[PDB]
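Visitor: This one's a deposited entry, sequence included:
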Amino acid sequence: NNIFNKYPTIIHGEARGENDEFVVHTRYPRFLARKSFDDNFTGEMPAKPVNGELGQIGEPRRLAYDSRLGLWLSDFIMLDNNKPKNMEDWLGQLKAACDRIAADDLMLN
Amino acid sequence: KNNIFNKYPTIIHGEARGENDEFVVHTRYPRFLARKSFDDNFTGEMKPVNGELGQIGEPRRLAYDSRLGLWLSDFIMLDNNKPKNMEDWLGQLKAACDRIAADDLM
Amino acid sequence: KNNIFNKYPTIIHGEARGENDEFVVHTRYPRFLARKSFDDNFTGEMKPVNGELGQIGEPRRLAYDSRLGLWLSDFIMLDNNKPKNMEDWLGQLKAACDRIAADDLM
Amino acid sequence: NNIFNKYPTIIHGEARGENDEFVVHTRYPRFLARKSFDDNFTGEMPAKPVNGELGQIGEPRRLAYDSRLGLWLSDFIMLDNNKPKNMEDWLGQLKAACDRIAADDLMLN
C-alpha cells in the first residue's frame, strides 16, 4: 500500500553463500528480481543512459531483463496484485524500472 | 507467487543508496520485506537469539527487537496464504526474525 | 465469502453451554472469531474505549485488553484478503476490539 | 487449524437490534449460520432426537436447514477452505452438525 513507499525505491541485495545478487523495486511496478552479471560486465557507467531490453529466454521461456551492459535481472516476482490494463504499457514500465535499477547498481559504490 | 519465492535464498540482506538503515527479504513462510535498524552500541559477536515482537514507541507500529542491537520493522507481508490461527503466525514471524538476526551478525 | 459476511450484523455476541467465557464474531474487516473474557471487578457502565493489543502472559498469545474489564483472545481471522501493510492491520483489529468492547457493556 | 478446537463446538449468537439469532459450529464442517424461529417453534425437547432436513429454498436457491421443530439455520458461511471430496458425504455431515446445533439450542436454558 502506502507502506512500500516508506522504503527506498531500489534495494540492492545479497545473500550468504550465494554469488548472484538481488534487487527489490518498491515503486510500481513492484518486484523482487535476481541480479546477475556476465563476462561483459565491468561495472562502469556508460556514456549514454542505460537502455536495456526485456524479453523471454531459457526453457521454459521466462522473462529476463538484459541491461546490455553485462547486468541481468531475472526470476521476476511481481509484488503488486493488479492485472495490467495493457501489457505493452506494463512491459514498458517494467523496462524503465529495470534501466533505473541497472543504473543504480553502477552508482552503488 | 505461492512457490516462486522458493527459487530464492531464504534470507536476502539488502542496502540502498543514501540510506543508513538496511533491509531484509524473508523468502520462506512467513514471507516479508522488513527494515533492518541498529542501536549505537551493537557489538555483533553472538545463548541463541531470542528476540521479541512488540508494538513499540508511540508511532503505533509493529517492531522486532533482537535484544542484540538489531531491529526489524515496517513489515510487509508477501505471502498469499490467509493465516486463520494467529498462534503460529506471530510466533513464526518472530522465529524468522530470530534467524535474520543471527544471519546478519556475520 | 468475501462479502457474504455483509448479510450479518457487524458484531455478534455469543455464548456456549457449560462455558464461563463468551464469544464474539466481527463480520466486517477485519473479520474474526474471538473469545470474550472478564476481570472479576468489571463494572460495565462506560472517555471512549481505548484498549490495546498485546502479547500477554507467558502463554505467548495475542490478547486485547479493553482496560475496562473485557478481554478478547484466541483470535481467528476469517477474511480472505492478504494484508501486506501491517500498519492498518493491527490498528484496525484494535479499532474493532474497541467497538466490540463498547457494544458489550450493554 | 487446531485453533478452532480451543473454542466450544457450538456457539449460540445474538446481536443488538436484531431479532434473529446466530450460531457458529467450530468442528468440521465449520460454519457461521443465521438461526431463526417460526410459529411452530415452542422451544421444548421433542420425544425423538432432532431429525431435521437440509435443502435449497428461496429465490435464488440458497441452502437452508429446517429442524422440523420451528428452528431454522440459513445463510451458511463455510469456515473451512476444503472442497468436499463427496457432496452427499459433506451434506450428510452438515445435517448432523445442524441437528446437534438445533438440539443444543433447546438445551440452552
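Guide: Alright, I've got the coordinates. Numbers count the residues shown, from 1 in each chain, chains lettered A, B, ... in the order given.

Visitor: For the most centrally placed residue in chain A, list the residues it contacts.
Guide: Nearest to the mean C-alpha position of chain A, by CA atoms, centre = their mean, lies residue A:98 at 4.0 Å. Residue A:98 makes contacts with A:52, A:54, A:65, A:67, A:73, as judged by CB atoms under 8 Å, 6 or more residues apart in numbering or on different chains. The way it works is simple: take the backbone N, C-alpha and C, and place the C-beta from them, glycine included.

Visitor: Please, which helix or strand holds it?
Guide: Under the criterion DSSP states H and E, the helix or strand holding residue A:98 is helix A:87-107.

Visitor: Show me which residues of that helix are buried.
Guide: A:90, A:94-95, A:97-106 (16 or more other CB atoms under 10 Å in any protein chain shown).

Visitor: Turn those into JSON lines, including distance to residue A:60.
Guide: Shown next, in JSON lines, are the buried residues of helix A:87-107 (distance: CB to CB, whole Å):
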{"residue": "A:90", "distance to residue A:60": "20"}
{"residue": "A:94", "distance to residue A:60": "19"}
{"residue": "A:95", "distance to residue A:60": "21"}
{"residue": "A:97", "distance to residue A:60": "24"}
{"residue": "A:98", "distance to residue A:60": "21"}
{"residue": "A:99", "distance to residue A:60": "26"}
{"residue": "A:100", "distance to residue A:60": "28"}
{"residue": "A:101", "distance to residue A:60": "24"}
{"residue": "A:102", "distance to residue A:60": "25"}
{"residue": "A:103", "distance to residue A:60": "30"}
{"residue": "A:104", "distance to residue A:60": "29"}
{"residue": "A:105", "distance to residue A:60": "27"}
{"residue": "A:106", "distance to residue A:60": "31"}
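
Visitor: So which of the contacts of residue A:98 is the closest to chain B?
Guide: Closest approach between the contacts of residue A:98 and chain B, by CB to the nearest CB: residue A:73, at 13.4 Å.

Visitor: That closest one pairs with what?
Guide: Counting by DSSP bridges, residue A:73 forms beta bridges with residue A:35, residue A:65.

Visitor: any idea how far it is from chain D?
Guide: 35 Å (CB to the nearest CB, to the nearest Å).

Visitor: Provide a list of residues in contact with that residue.
Guide: Residue A:73 makes contacts with A:23, A:33-35, A:64-65, A:67, A:98, A:101-102, as judged by CB under 8 Å, 6+ apart.

Visitor: any chance you could map the strands in chain A?
Guide: Secondary structure of chain A (DSSP state E): strands located at A:10-14, A:21-25, A:31-37, A:53-57, A:62-66, A:71-78.
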